[PDB]
Amino acid sequence: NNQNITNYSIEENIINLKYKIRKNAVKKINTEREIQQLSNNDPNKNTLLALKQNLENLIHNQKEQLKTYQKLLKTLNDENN
Amino acid sequence: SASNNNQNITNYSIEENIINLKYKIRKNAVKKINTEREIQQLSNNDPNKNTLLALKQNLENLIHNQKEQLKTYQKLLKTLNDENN
Amino acid sequence: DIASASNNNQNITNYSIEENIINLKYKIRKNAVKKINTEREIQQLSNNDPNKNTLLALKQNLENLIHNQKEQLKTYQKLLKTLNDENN
Amino acid sequence: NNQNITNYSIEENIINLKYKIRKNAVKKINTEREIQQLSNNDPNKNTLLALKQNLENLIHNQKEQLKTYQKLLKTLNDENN
């Protein structure tokens, strides 16, 4: 009479986030890289920096998705664990 | 001679990224719907209510930043499929 | 033991899983469109071009992705009928 | 000209794939360990089996999309340009 894997579907959603976070971080750094190699370019330099910014927010929103799943998994395995 | 393509591969890489955001947006609208419903099948007390509430708010930002991501990727290729630099 | 079936009240079994299947449904539909694109640029392409090979090297794997995603959906779905929604 | 934006877009598909493969790898390993749960051949061990093995198919599939993209980006240093 024990829940089987139990804290499993929330374990792997946490993993999915860590690796989505570090991914778009790498993507972010590579957009800024690209932006820098462009100098007084055309209407691509400003489109990229928007895309860069969009990535920063996507990273913030995923970090708080993570913190919840993270902080929540410390909750349900509170007392009696 | 000239072979005026080169951009061949980047119309491609932008279209597929556009497709991706369009289906992510619609996918997350469902997740938001689902979330609002389990909220409603929950107590006014239960802590997991507050968790769900937040994951819904985070889902409201996500959809919004993916609308913005979409518009962008559009713009980049969108009109400026017009030989810029 | 045998009190009424309030499993439908407050549980993250209906949840967590539910979300994963919604994820798969829409990845399946996304990749179908993506493959349709690849079918299309393979139609408008050359038959001797360098891109026909890469494009004709991307559809392929989207076909297998679509198949492996359809199977993932049956599984997670089977894991749905099995627990709550006990086949009715 | 204008090939900076193109090396960018391929690179962004490439970075997205490295991390999808890496993420899908972590999920297999963690599904390799947990699938030897605790002998007690329970029901949901059947489900973890299928899940894990569709991870292998995902990984091998991403690994192919990414070599191509990598091979494609490679079409730039030397040969072309």
# chains A, B, ... in the order shown; residues from 1 in each chain; ligands from 1

call {"tool": "select_by_dssp", "arguments": {"residues": "chain B", "states": "helix (DSSP H, G or I)", "output": "ChimeraX atom specification"}}
result
/B:7-40,47-77

call {"tool": "write_last_selection", "arguments": {"atoms": "C-alpha atoms", "output": "mmCIF file, in the first residue's frame"}}
result
data_model
loop_
_atom_site.group_PDB
_atom_site.id
_atom_site.type_symbol
_atom_site.label_atom_id
_atom_site.label_comp_id
_atom_site.auth_asym_id
_atom_site.auth_seq_id
_atom_site.Cartn_x
_atom_site.Cartn_y
_atom_site.Cartn_z
ATOM 1 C CA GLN B 7 18.883 33.142 -48.236
ATOM 2 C CA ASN B 8 17.373 29.765 -49.191
ATOM 3 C CA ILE B 9 18.303 28.242 -45.840
ATOM 4 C CA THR B 10 17.156 31.161 -43.689
ATOM 5 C CA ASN B 11 13.603 31.424 -45.080
ATOM 6 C CA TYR B 12 13.527 27.826 -43.939
ATOM 7 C CA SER B 13 14.970 28.205 -40.494
ATOM 8 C CA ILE B 14 12.554 31.057 -39.754
ATOM 9 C CA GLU B 15 9.417 29.382 -41.123
ATOM 10 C CA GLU B 16 9.950 26.265 -39.016
ATOM 11 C CA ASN B 17 10.638 28.442 -35.963
ATOM 12 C CA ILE B 18 7.402 30.308 -36.739
ATOM 13 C CA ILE B 19 5.519 26.997 -36.996
ATOM 14 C CA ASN B 20 6.996 26.035 -33.623
ATOM 15 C CA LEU B 21 5.763 29.149 -31.821
ATOM 16 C CA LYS B 22 2.295 28.958 -33.379
ATOM 17 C CA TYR B 23 1.808 25.441 -31.972
ATOM 18 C CA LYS B 24 3.444 26.274 -28.643
ATOM 19 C CA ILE B 25 1.071 29.226 -28.210
ATOM 20 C CA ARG B 26 -2.011 27.113 -28.962
ATOM 21 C CA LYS B 27 -0.638 24.284 -26.814
ATOM 22 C CA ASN B 28 -0.189 26.595 -23.821
ATOM 23 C CA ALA B 29 -3.697 28.005 -24.216
ATOM 24 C CA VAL B 30 -4.917 24.460 -23.583
ATOM 25 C CA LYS B 31 -2.593 24.051 -20.595
ATOM 26 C CA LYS B 32 -4.002 27.324 -19.240
ATOM 27 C CA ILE B 33 -7.549 26.048 -19.748
ATOM 28 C CA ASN B 34 -6.721 22.738 -18.050
ATOM 29 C CA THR B 35 -5.092 24.652 -15.199
ATOM 30 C CA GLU B 36 -8.105 26.882 -14.587
ATOM 31 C CA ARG B 37 -10.246 23.741 -14.408
ATOM 32 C CA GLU B 38 -8.215 21.744 -11.842
ATOM 33 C CA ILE B 39 -8.158 25.002 -9.858
ATOM 34 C CA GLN B 40 -11.961 24.898 -9.856
ATOM 35 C CA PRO B 47 -2.035 24.665 -0.817
ATOM 36 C CA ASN B 48 -1.882 23.036 -4.254
ATOM 37 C CA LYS B 49 -4.582 25.532 -5.254
ATOM 38 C CA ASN B 50 -2.038 28.337 -4.792
ATOM 39 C CA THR B 51 0.578 26.341 -6.712
ATOM 40 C CA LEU B 52 -1.800 25.847 -9.634
ATOM 41 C CA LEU B 53 -2.824 29.505 -9.527
ATOM 42 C CA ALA B 54 0.813 30.533 -9.913
ATOM 43 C CA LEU B 55 1.578 27.986 -12.618
ATOM 44 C CA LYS B 56 -1.401 29.545 -14.413
ATOM 45 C CA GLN B 57 0.019 33.058 -14.039
ATOM 46 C CA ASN B 58 3.413 31.804 -15.289
ATOM 47 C CA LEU B 59 1.486 30.230 -18.177
ATOM 48 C CA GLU B 60 -0.115 33.610 -18.922
ATOM 49 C CA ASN B 61 3.316 35.238 -19.288
ATOM 50 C CA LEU B 62 4.646 32.349 -21.390
ATOM 51 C CA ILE B 63 1.832 32.660 -23.919
ATOM 52 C CA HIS B 64 2.455 36.417 -24.015
ATOM 53 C CA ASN B 65 6.221 36.184 -24.537
ATOM 54 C CA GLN B 66 5.564 33.567 -27.259
ATOM 55 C CA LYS B 67 3.192 35.945 -29.016
ATOM 56 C CA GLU B 68 6.020 38.478 -28.946
ATOM 57 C CA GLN B 69 8.599 35.870 -30.023
ATOM 58 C CA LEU B 70 6.281 35.046 -32.933
ATOM 59 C CA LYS B 71 5.758 38.626 -34.134
ATOM 60 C CA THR B 72 9.564 39.121 -34.090
ATOM 61 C CA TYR B 73 10.470 36.061 -36.113
ATOM 62 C CA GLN B 74 7.796 37.046 -38.437
ATOM 63 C CA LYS B 75 9.227 40.620 -38.778
ATOM 64 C CA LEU B 76 12.772 39.317 -39.312
ATOM 65 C CA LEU B 77 11.676 37.236 -42.279
#

call {"tool": "calpha_fit_and_write", "arguments": {"fixed": "chain D", "moving": "chain A", "output": "mmCIF file with N, CA, C and O atoms, in the first residue's frame"}}
result
data_model
loop_
_atom_site.group_PDB
_atom_site.id
_atom_site.type_symbol
_atom_site.label_atom_id
_atom_site.label_comp_id
_atom_site.auth_asym_id
_atom_site.auth_seq_id
_atom_site.Cartn_x
_atom_site.Cartn_y
_atom_site.Cartn_z
ATOM 1 N N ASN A 1 27.153 44.550 -49.013
ATOM 2 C CA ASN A 1 26.460 43.475 -49.717
ATOM 3 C C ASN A 1 26.875 42.117 -49.156
ATOM 4 O O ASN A 1 27.349 41.246 -49.888
ATOM 5 N N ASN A 2 26.700 41.950 -47.848
ATOM 6 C CA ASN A 2 27.019 40.708 -47.157
ATOM 7 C C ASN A 2 25.798 40.260 -46.368
ATOM 8 O O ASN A 2 25.189 41.068 -45.661
ATOM 9 N N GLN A 3 25.416 38.993 -46.520
ATOM 10 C CA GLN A 3 24.455 38.386 -45.610
ATOM 11 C C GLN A 3 24.832 38.709 -44.170
ATOM 12 O O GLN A 3 25.996 38.592 -43.792
ATOM 13 N N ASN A 4 23.848 39.084 -43.349
ATOM 14 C CA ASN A 4 24.171 39.621 -42.028
ATOM 15 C C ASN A 4 24.605 38.537 -41.047
ATOM 16 O O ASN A 4 25.800 38.244 -40.962
ATOM 17 N N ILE A 5 23.688 37.951 -40.279
ATOM 18 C CA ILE A 5 24.121 36.848 -39.427
ATOM 19 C C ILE A 5 24.235 35.559 -40.223
ATOM 20 O O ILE A 5 25.144 34.751 -39.996
ATOM 21 N N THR A 6 23.282 35.310 -41.111
ATOM 22 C CA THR A 6 23.423 34.266 -42.115
ATOM 23 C C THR A 6 23.274 32.845 -41.582
ATOM 24 O O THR A 6 22.198 32.241 -41.668
ATOM 25 N N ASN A 7 24.392 32.285 -41.115
ATOM 26 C CA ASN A 7 24.449 30.925 -40.586
ATOM 27 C C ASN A 7 24.062 30.961 -39.113
ATOM 28 O O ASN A 7 24.785 30.453 -38.264
ATOM 29 N N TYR A 8 22.920 31.579 -38.816
ATOM 30 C CA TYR A 8 22.514 31.841 -37.449
ATOM 31 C C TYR A 8 21.337 31.000 -37.014
ATOM 32 O O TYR A 8 21.277 30.445 -35.920
ATOM 33 N N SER A 9 20.353 30.906 -37.897
ATOM 34 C CA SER A 9 19.138 30.173 -37.578
ATOM 35 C C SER A 9 19.385 28.669 -37.557
ATOM 36 O O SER A 9 18.595 27.907 -36.996
ATOM 37 N N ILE A 10 20.491 28.265 -38.186
ATOM 38 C CA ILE A 10 20.942 26.880 -38.167
ATOM 39 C C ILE A 10 21.944 26.634 -37.048
ATOM 40 O O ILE A 10 22.094 25.486 -36.602
ATOM 41 N N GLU A 11 22.654 27.672 -36.611
ATOM 42 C CA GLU A 11 23.502 27.576 -35.429
ATOM 43 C C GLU A 11 22.673 27.245 -34.193
ATOM 44 O O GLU A 11 22.997 26.318 -33.446
ATOM 45 N N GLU A 12 21.586 27.990 -33.971
ATOM 46 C CA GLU A 12 20.785 27.835 -32.765
ATOM 47 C C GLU A 12 19.871 26.609 -32.820
ATOM 48 O O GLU A 12 19.473 26.104 -31.765
ATOM 49 N N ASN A 13 19.550 26.091 -34.007
ATOM 50 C CA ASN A 13 18.851 24.815 -34.061
ATOM 51 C C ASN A 13 19.780 23.672 -33.686
ATOM 52 O O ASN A 13 19.339 22.689 -33.086
ATOM 53 N N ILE A 14 21.065 23.792 -34.030
ATOM 54 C CA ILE A 14 22.057 22.820 -33.587
ATOM 55 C C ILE A 14 22.161 22.824 -32.067
ATOM 56 O O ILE A 14 22.196 21.768 -31.423
ATOM 57 N N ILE A 15 22.259 24.009 -31.471
ATOM 58 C CA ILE A 15 22.341 24.098 -30.018
ATOM 59 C C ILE A 15 21.119 23.454 -29.380
ATOM 60 O O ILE A 15 21.238 22.672 -28.430
ATOM 61 N N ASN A 16 19.926 23.783 -29.889
ATOM 62 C CA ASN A 16 18.697 23.225 -29.344
ATOM 63 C C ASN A 16 18.747 21.706 -29.291
ATOM 64 O O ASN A 16 18.193 21.104 -28.364
ATOM 65 N N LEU A 17 19.418 21.070 -30.254
ATOM 66 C CA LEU A 17 19.465 19.613 -30.306
ATOM 67 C C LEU A 17 20.453 19.033 -29.300
ATOM 68 O O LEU A 17 20.120 18.088 -28.572
ATOM 69 N N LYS A 18 21.680 19.544 -29.273
ATOM 70 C CA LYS A 18 22.668 19.078 -28.302
ATOM 71 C C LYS A 18 22.027 19.026 -26.903
ATOM 72 O O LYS A 18 22.198 18.044 -26.175
ATOM 73 N N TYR A 19 21.248 20.050 -26.554
ATOM 74 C CA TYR A 19 20.721 20.166 -25.201
ATOM 75 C C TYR A 19 19.411 19.431 -25.002
ATOM 76 O O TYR A 19 19.423 18.760 -23.813
ATOM 77 N N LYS A 20 18.774 19.046 -26.104
ATOM 78 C CA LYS A 20 17.627 18.144 -26.049
ATOM 79 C C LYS A 20 18.162 16.715 -25.935
ATOM 80 O O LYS A 20 17.594 15.877 -25.230
ATOM 81 N N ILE A 21 19.284 16.454 -26.611
ATOM 82 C CA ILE A 21 19.907 15.135 -26.548
ATOM 83 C C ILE A 21 20.373 14.839 -25.127
ATOM 84 O O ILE A 21 19.940 13.857 -24.504
ATOM 85 N N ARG A 22 21.265 15.677 -24.591
ATOM 86 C CA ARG A 22 21.776 15.435 -23.247
ATOM 87 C C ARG A 22 20.664 15.458 -22.205
ATOM 88 O O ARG A 22 20.803 14.828 -21.152
ATOM 89 N N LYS A 23 19.569 16.171 -22.474
ATOM 90 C CA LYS A 23 18.441 16.197 -21.547
ATOM 91 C C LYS A 23 17.756 14.837 -21.476
ATOM 92 O O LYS A 23 17.643 14.243 -20.400
ATOM 93 N N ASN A 24 17.275 14.332 -22.609
ATOM 94 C CA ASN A 24 16.614 13.040 -22.605
ATOM 95 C C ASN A 24 17.554 11.892 -22.280
ATOM 96 O O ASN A 24 17.082 10.842 -21.835
ATOM 97 N N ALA A 25 18.862 12.064 -22.476
ATOM 98 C CA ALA A 25 19.811 11.108 -21.920
ATOM 99 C C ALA A 25 19.679 11.062 -20.404
ATOM 100 O O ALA A 25 19.503 9.991 -19.816
ATOM 101 N N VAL A 26 19.718 12.230 -19.757
ATOM 102 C CA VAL A 26 19.554 12.289 -18.306
ATOM 103 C C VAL A 26 18.208 11.700 -17.905
ATOM 104 O O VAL A 26 18.109 10.950 -16.924
ATOM 105 N N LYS A 27 17.147 12.047 -18.646
ATOM 106 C CA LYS A 27 15.831 11.474 -18.389
ATOM 107 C C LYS A 27 15.859 9.955 -18.526
ATOM 108 O O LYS A 27 15.268 9.244 -17.707
ATOM 109 N N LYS A 28 16.514 9.447 -19.575
ATOM 110 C CA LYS A 28 16.645 8.008 -19.764
ATOM 111 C C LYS A 28 17.278 7.364 -18.535
ATOM 112 O O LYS A 28 16.691 6.469 -17.913
ATOM 113 N N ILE A 29 18.466 7.838 -18.146
ATOM 114 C CA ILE A 29 19.176 7.255 -17.012
ATOM 115 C C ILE A 29 18.319 7.280 -15.756
ATOM 116 O O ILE A 29 18.448 6.411 -14.885
ATOM 117 N N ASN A 30 17.455 8.288 -15.613
ATOM 118 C CA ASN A 30 16.634 8.360 -14.412
ATOM 119 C C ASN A 30 15.418 7.449 -14.491
ATOM 120 O O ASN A 30 14.837 7.126 -13.452
ATOM 121 N N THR A 31 14.987 7.070 -15.694
ATOM 122 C CA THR A 31 13.917 6.083 -15.819
ATOM 123 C C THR A 31 14.420 4.691 -15.463
ATOM 124 O O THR A 31 13.752 3.928 -14.754
ATOM 125 N N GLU A 32 15.594 4.345 -15.977
ATOM 126 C CA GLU A 32 16.208 3.073 -15.629
ATOM 127 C C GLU A 32 16.487 2.987 -14.142
ATOM 128 O O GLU A 32 16.310 1.927 -13.530
ATOM 129 N N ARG A 33 17.005 4.067 -13.566
ATOM 130 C CA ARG A 33 17.117 4.146 -12.120
ATOM 131 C C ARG A 33 15.795 3.778 -11.463
ATOM 132 O O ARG A 33 15.729 2.872 -10.623
ATOM 133 N N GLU A 34 14.730 4.500 -11.814
ATOM 134 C CA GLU A 34 13.422 4.214 -11.238
ATOM 135 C C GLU A 34 13.060 2.747 -11.426
ATOM 136 O O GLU A 34 12.714 2.056 -10.460
ATOM 137 N N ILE A 35 13.194 2.239 -12.659
ATOM 138 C CA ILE A 35 12.872 0.843 -12.953
ATOM 139 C C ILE A 35 13.571 -0.084 -11.970
ATOM 140 O O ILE A 35 12.980 -1.052 -11.475
ATOM 141 N N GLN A 36 14.829 0.213 -11.648
ATOM 142 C CA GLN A 36 15.617 -0.674 -10.804
ATOM 143 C C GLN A 36 15.122 -0.670 -9.364
ATOM 144 O O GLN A 36 15.136 -1.708 -8.697
ATOM 145 N N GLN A 37 14.704 0.490 -8.855
ATOM 146 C CA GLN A 37 14.205 0.563 -7.488
ATOM 147 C C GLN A 37 12.864 -0.137 -7.324
ATOM 148 O O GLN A 37 12.430 -0.357 -6.189
ATOM 149 N N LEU A 38 12.203 -0.476 -8.427
ATOM 150 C CA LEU A 38 10.983 -1.269 -8.418
ATOM 151 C C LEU A 38 11.354 -2.740 -8.552
ATOM 152 O O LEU A 38 12.088 -3.112 -9.474
ATOM 153 N N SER A 39 10.835 -3.585 -7.665
ATOM 154 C CA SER A 39 11.130 -5.015 -7.734
ATOM 155 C C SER A 39 9.853 -5.842 -7.658
ATOM 156 O O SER A 39 9.097 -5.734 -6.684
ATOM 157 N N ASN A 40 9.648 -6.686 -8.685
ATOM 158 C CA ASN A 40 8.422 -7.445 -8.917
ATOM 159 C C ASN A 40 7.236 -6.545 -8.607
ATOM 160 O O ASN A 40 6.246 -6.981 -8.023
ATOM 161 N N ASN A 41 7.336 -5.273 -9.025
ATOM 162 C CA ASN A 41 6.279 -4.290 -8.823
ATOM 163 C C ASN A 41 5.009 -4.696 -9.563
ATOM 164 O O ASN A 41 4.816 -5.868 -9.906
ATOM 165 N N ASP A 42 4.183 -3.700 -9.877
ATOM 166 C CA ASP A 42 2.845 -3.806 -10.439
ATOM 167 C C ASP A 42 2.957 -3.447 -11.921
ATOM 168 O O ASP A 42 4.068 -3.511 -12.467
ATOM 169 N N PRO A 43 1.816 -3.094 -12.632
ATOM 170 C CA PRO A 43 1.972 -2.651 -14.047
ATOM 171 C C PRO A 43 2.405 -1.209 -14.163
ATOM 172 O O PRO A 43 1.853 -0.419 -14.933
ATOM 173 N N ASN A 44 3.419 -0.845 -13.376
ATOM 174 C CA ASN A 44 4.181 0.384 -13.568
ATOM 175 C C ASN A 44 5.606 0.115 -14.022
ATOM 176 O O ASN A 44 6.154 0.881 -14.816
ATOM 177 N N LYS A 45 6.202 -0.989 -13.554
ATOM 178 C CA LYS A 45 7.560 -1.345 -13.956
ATOM 179 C C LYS A 45 7.657 -1.565 -15.459
ATOM 180 O O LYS A 45 8.665 -1.210 -16.078
ATOM 181 N N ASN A 46 6.624 -2.151 -16.065
ATOM 182 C CA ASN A 46 6.668 -2.382 -17.502
ATOM 183 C C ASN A 46 6.295 -1.138 -18.294
ATOM 184 O O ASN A 46 6.783 -0.959 -19.411
ATOM 185 N N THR A 47 5.451 -0.268 -17.736
ATOM 186 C CA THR A 47 5.147 0.985 -18.412
ATOM 187 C C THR A 47 6.382 1.876 -18.487
ATOM 188 O O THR A 47 6.628 2.525 -19.511
ATOM 189 N N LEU A 48 7.171 1.918 -17.411
ATOM 190 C CA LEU A 48 8.357 2.769 -17.392
ATOM 191 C C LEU A 48 9.366 2.328 -18.443
ATOM 192 O O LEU A 48 9.890 3.152 -19.201
ATOM 193 N N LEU A 49 9.653 1.025 -18.500
ATOM 194 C CA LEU A 49 10.645 0.525 -19.445
ATOM 195 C C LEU A 49 10.236 0.795 -20.887
ATOM 196 O O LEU A 49 11.100 0.957 -21.755
ATOM 197 N N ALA A 50 8.932 0.840 -21.166
ATOM 198 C CA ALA A 50 8.477 1.336 -22.462
ATOM 199 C C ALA A 50 8.858 2.803 -22.628
ATOM 200 O O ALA A 50 9.409 3.207 -23.659
ATOM 201 N N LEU A 51 8.553 3.614 -21.613
ATOM 202 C CA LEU A 51 8.912 5.027 -21.633
ATOM 203 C C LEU A 51 10.432 5.210 -21.790
ATOM 204 O O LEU A 51 10.900 5.993 -22.633
ATOM 205 N N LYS A 52 11.219 4.470 -21.000
ATOM 206 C CA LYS A 52 12.668 4.435 -21.199
ATOM 207 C C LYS A 52 13.017 4.204 -22.668
ATOM 208 O O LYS A 52 13.770 4.988 -23.255
ATOM 209 N N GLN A 53 12.453 3.145 -23.274
ATOM 210 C CA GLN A 53 12.778 2.807 -24.650
ATOM 211 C C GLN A 53 12.406 3.960 -25.565
ATOM 212 O O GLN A 53 13.229 4.416 -26.385
ATOM 213 N N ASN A 54 11.171 4.501 -25.436
ATOM 214 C CA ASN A 54 10.748 5.659 -26.207
ATOM 215 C C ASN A 54 11.807 6.752 -26.135
ATOM 216 O O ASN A 54 12.057 7.435 -27.133
ATOM 217 N N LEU A 55 12.438 6.957 -24.969
ATOM 218 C CA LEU A 55 13.450 8.006 -24.857
ATOM 219 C C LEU A 55 14.678 7.682 -25.697
ATOM 220 O O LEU A 55 15.243 8.562 -26.359
ATOM 221 N N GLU A 56 15.110 6.421 -25.671
ATOM 222 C CA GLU A 56 16.242 6.006 -26.495
ATOM 223 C C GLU A 56 16.013 6.318 -27.969
ATOM 224 O O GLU A 56 16.928 6.785 -28.656
ATOM 225 N N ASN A 57 14.813 6.030 -28.487
ATOM 226 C CA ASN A 57 14.556 6.330 -29.888
ATOM 227 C C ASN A 57 14.522 7.824 -30.116
ATOM 228 O O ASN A 57 15.105 8.327 -31.089
ATOM 229 N N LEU A 58 13.824 8.568 -29.246
ATOM 230 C CA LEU A 58 13.823 10.018 -29.331
ATOM 231 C C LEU A 58 15.247 10.551 -29.351
ATOM 232 O O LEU A 58 15.517 11.559 -30.014
ATOM 233 N N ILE A 59 16.180 9.890 -28.660
ATOM 234 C CA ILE A 59 17.568 10.336 -28.670
ATOM 235 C C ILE A 59 18.223 10.028 -30.012
ATOM 236 O O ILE A 59 18.981 10.846 -30.551
ATOM 237 N N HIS A 60 17.961 8.842 -30.568
ATOM 238 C CA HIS A 60 18.506 8.514 -31.882
ATOM 239 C C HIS A 60 17.986 9.477 -32.943
ATOM 240 O O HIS A 60 18.757 9.997 -33.758
ATOM 241 N N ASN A 61 16.671 9.713 -32.959
ATOM 242 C CA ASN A 61 16.088 10.569 -33.987
ATOM 243 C C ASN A 61 16.593 12.005 -33.872
ATOM 244 O O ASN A 61 16.750 12.690 -34.889
ATOM 245 N N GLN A 62 16.872 12.475 -32.652
ATOM 246 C CA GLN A 62 17.415 13.820 -32.475
ATOM 247 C C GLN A 62 18.891 13.895 -32.826
ATOM 248 O O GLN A 62 19.371 14.955 -33.241
ATOM 249 N N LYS A 63 19.618 12.790 -32.653
ATOM 250 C CA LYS A 63 21.027 12.759 -33.018
ATOM 251 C C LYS A 63 21.207 12.916 -34.520
ATOM 252 O O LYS A 63 22.167 13.549 -34.976
ATOM 253 N N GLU A 64 20.308 12.327 -35.308
ATOM 254 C CA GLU A 64 20.408 12.434 -36.756
ATOM 255 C C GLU A 64 19.843 13.748 -37.263
ATOM 256 O O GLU A 64 20.282 14.245 -38.307
ATOM 257 N N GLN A 65 18.853 14.307 -36.565
ATOM 258 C CA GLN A 65 18.519 15.710 -36.771
ATOM 259 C C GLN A 65 19.751 16.581 -36.579
ATOM 260 O O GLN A 65 20.035 17.462 -37.397
ATOM 261 N N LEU A 66 20.514 16.322 -35.515
ATOM 262 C CA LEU A 66 21.724 17.092 -35.248
ATOM 263 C C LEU A 66 22.760 16.892 -36.347
ATOM 264 O O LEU A 66 23.276 17.862 -36.913
ATOM 265 N N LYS A 67 23.093 15.634 -36.644
ATOM 266 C CA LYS A 67 24.163 15.342 -37.591
ATOM 267 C C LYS A 67 23.953 16.059 -38.913
ATOM 268 O O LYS A 67 24.923 16.459 -39.564
ATOM 269 N N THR A 68 22.700 16.265 -39.303
ATOM 270 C CA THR A 68 22.394 16.906 -40.565
ATOM 271 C C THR A 68 22.683 18.406 -40.577
ATOM 272 O O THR A 68 23.298 18.911 -41.501
ATOM 273 N N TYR A 69 22.513 19.044 -39.421
ATOM 274 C CA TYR A 69 22.348 20.481 -39.307
ATOM 275 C C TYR A 69 23.858 20.681 -39.246
ATOM 276 O O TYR A 69 24.503 21.477 -39.921
ATOM 277 N N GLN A 70 24.471 19.852 -38.388
ATOM 278 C CA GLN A 70 25.926 19.854 -38.203
ATOM 279 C C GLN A 70 26.639 19.689 -39.551
ATOM 280 O O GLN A 70 27.347 20.590 -40.003
ATOM 281 N N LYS A 71 26.438 18.534 -40.196
ATOM 282 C CA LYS A 71 27.095 18.269 -41.473
ATOM 283 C C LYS A 71 26.709 19.295 -42.530
ATOM 284 O O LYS A 71 27.530 19.643 -43.386
ATOM 285 N N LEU A 72 25.468 19.786 -42.495
ATOM 286 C CA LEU A 72 25.041 20.799 -43.454
ATOM 287 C C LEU A 72 25.774 22.113 -43.233
ATOM 288 O O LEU A 72 26.151 22.786 -44.199
ATOM 289 N N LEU A 73 25.964 22.512 -41.976
ATOM 290 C CA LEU A 73 26.669 23.757 -41.709
ATOM 291 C C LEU A 73 28.128 23.696 -42.144
ATOM 292 O O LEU A 73 28.730 24.747 -42.390
ATOM 293 N N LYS A 74 28.716 22.501 -42.231
ATOM 294 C CA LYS A 74 30.037 22.371 -42.833
ATOM 295 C C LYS A 74 29.976 22.471 -44.352
ATOM 296 O O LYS A 74 30.967 22.869 -44.974
ATOM 297 N N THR A 75 28.824 22.166 -44.952
ATOM 298 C CA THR A 75 28.654 22.260 -46.398
ATOM 299 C C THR A 75 28.609 23.710 -46.866
ATOM 300 O O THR A 75 29.496 24.167 -47.593
ATOM 301 N N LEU A 76 27.563 24.436 -46.463
ATOM 302 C CA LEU A 76 27.344 25.789 -46.963
ATOM 303 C C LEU A 76 28.540 26.704 -46.743
ATOM 304 O O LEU A 76 28.678 27.705 -47.457
ATOM 305 N N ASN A 77 29.376 26.423 -45.744
ATOM 306 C CA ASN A 77 30.630 27.138 -45.534
ATOM 307 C C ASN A 77 31.793 26.300 -46.082
ATOM 308 O O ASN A 77 32.869 26.209 -45.489
ATOM 309 N N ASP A 78 31.552 25.658 -47.236
ATOM 310 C CA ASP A 78 32.564 24.948 -48.008
ATOM 311 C C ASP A 78 33.517 25.979 -48.590
ATOM 312 O O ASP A 78 33.979 26.880 -47.880
ATOM 313 N N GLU A 79 33.795 25.906 -49.884
ATOM 314 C CA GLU A 79 34.693 26.898 -50.445
ATOM 315 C C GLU A 79 34.021 28.264 -50.477
ATOM 316 O O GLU A 79 32.796 28.366 -50.548
ATOM 317 N N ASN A 80 34.840 29.324 -50.405
ATOM 318 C CA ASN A 80 34.339 30.665 -50.127
ATOM 319 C C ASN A 80 33.682 30.638 -48.755
ATOM 320 O O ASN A 80 32.541 30.193 -48.605
ATOM 321 N N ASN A 81 34.434 31.058 -47.743
ATOM 322 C CA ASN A 81 33.980 31.013 -46.360
ATOM 323 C C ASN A 81 34.630 32.138 -45.564
ATOM 324 O O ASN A 81 34.067 32.636 -44.591
#

call {"tool": "atom_distance", "arguments": {"atom1": "CA of residue 25 (chain C)", "atom2": "CA of residue 78 (chain B)"}}
result
27.9 Å

call {"tool": "interface_residues", "arguments": {"of": "chain C", "to": "chain B", "cutoff": "6 Å", "atoms": "only C-alpha atoms", "output": "list in words"}}
result
residues 9, 10, 26 and 30 of chain C

call {"tool": "write_last_selection", "arguments": {"atoms": "N, CA, C and O atoms", "output": "PDB file, in the first residue's frame"}}
result
ATOM      1  N   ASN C   9     -12.011  14.476  -7.294  1.00  0.00           N
ATOM      2  CA  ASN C   9     -12.105  15.763  -6.618  1.00  0.00           C
ATOM      3  C   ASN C   9     -10.788  16.527  -6.704  1.00  0.00           C
ATOM      4  O   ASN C   9     -10.695  17.550  -7.386  1.00  0.00           O
ATOM      5  N   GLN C  10      -9.743  16.015  -6.065  1.00  0.00           N
ATOM      6  CA  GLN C  10      -8.537  16.813  -5.825  1.00  0.00           C
ATOM      7  C   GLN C  10      -7.336  15.884  -5.849  1.00  0.00           C
ATOM      8  O   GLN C  10      -7.058  15.223  -4.848  1.00  0.00           O
ATOM      9  N   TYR C  26       0.034  18.281 -29.467  1.00  0.00           N
ATOM     10  CA  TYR C  26       0.395  19.479 -30.198  1.00  0.00           C
ATOM     11  C   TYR C  26       1.778  19.451 -30.787  1.00  0.00           C
ATOM     12  O   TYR C  26       2.047  20.093 -31.799  1.00  0.00           O
ATOM     13  N   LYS C  30       2.284  19.983 -34.634  1.00  0.00           N
ATOM     14  CA  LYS C  30       3.374  20.834 -35.106  1.00  0.00           C
ATOM     15  C   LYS C  30       4.251  20.097 -36.115  1.00  0.00           C
ATOM     16  O   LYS C  30       4.519  20.607 -37.209  1.00  0.00           O
TER      17      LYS C  30
END

call {"tool": "interface_residues", "arguments": {"of": "chain C", "to": "chain A", "cutoff": "12 Å", "atoms": "only C-alpha atoms", "output": "list in words"}}
result
residues 1, 12, 13, 14, 15, 16, 17, 18, 19, 20 and 76 of chain C
